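Below you'll find only one chain, the form deposited in one PDB entry, shown as structure tokens.
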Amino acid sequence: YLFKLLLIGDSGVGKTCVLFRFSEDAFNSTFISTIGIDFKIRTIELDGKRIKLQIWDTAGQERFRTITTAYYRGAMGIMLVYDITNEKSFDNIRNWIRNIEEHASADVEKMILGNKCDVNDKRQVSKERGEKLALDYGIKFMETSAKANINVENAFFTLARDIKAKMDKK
């Protein structure tokens, strides 16, 4: 099994850190904005099967957003990432979903990640609001923190299980 995954969402929400945490099990606080598009490999196991995840990390800066839609085509699962400390990043999730509907596969698996859940002092988006938006769209949701290692592994395994489940049915 080889699943192509894609991380999208506004600049600064933590996509690169989420990927670094899942692949390197580390956090580096001095990351630069992604000027391009990168991917990393991470293998997991489900139902006694080895699943290779090829995870693409996008540039969230406005000027690259149109260019970046080219890379949605192969995606089997997409993480929609916002920053719990930034209401604008959350508002924009509906716009990211429209992008997925337009440029990705109609049967792509999606998941919403409310990242930086370690910064509750600067929280702008309540967990209930995140949960309700996910519910509205019929997609899974969780809060993550690449810094504190909260739910990152759980998110990715959950997305891959959904993809695998769908594929086995056919």
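Whichever C-alpha set is largest while still superposing within 1.5 Å between the two forms counts as the rigid core. We number the residues from 1 along the sequence you see. Residues that one form lacks are left out of the comparison.
Omitted from view is the form deposited in another entry, to which the following refers.
> Comparing between the shown form and the other one on the rigid core: C-alpha of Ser33 shifted by 2 Å or more?
Comparing forms between the shown form and the other one, the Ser33 CA shifts at least 2 Å.
> Taking the rigid core as reference, does the Cα of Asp121 move 2 Å or more between the shown form and the other one?
Not so; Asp121 is displaced by less than 2 Å.
> After the core is overlaid between the shown form and the other one, has the C-alpha of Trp56 moved by 2 angstroms or more?
No, the C-alpha position differs by under 2 Å between the shown form and the other one.
> Comparing against this form, do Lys88 and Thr34 have their CA atoms pulled together or pushed apart in that other deposited form? The difference is 3 Å or more.
Residues separate in that other deposited form, at least 3 Å farther apart.
> At a change of 3 Å or more, would you call the C-alpha separation of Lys52 and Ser33 in that other deposited form closer or farther than in the form supplied?
Relative to this form, closer in that other deposited form.
> Sticking with residues common to both forms, list the runs of three or more in a row where every CA moves 2 angstroms or more between the shown form and the other one, core superposed.
Runs shifting 2 Å or more: 29-37, 59-65, 67-71.
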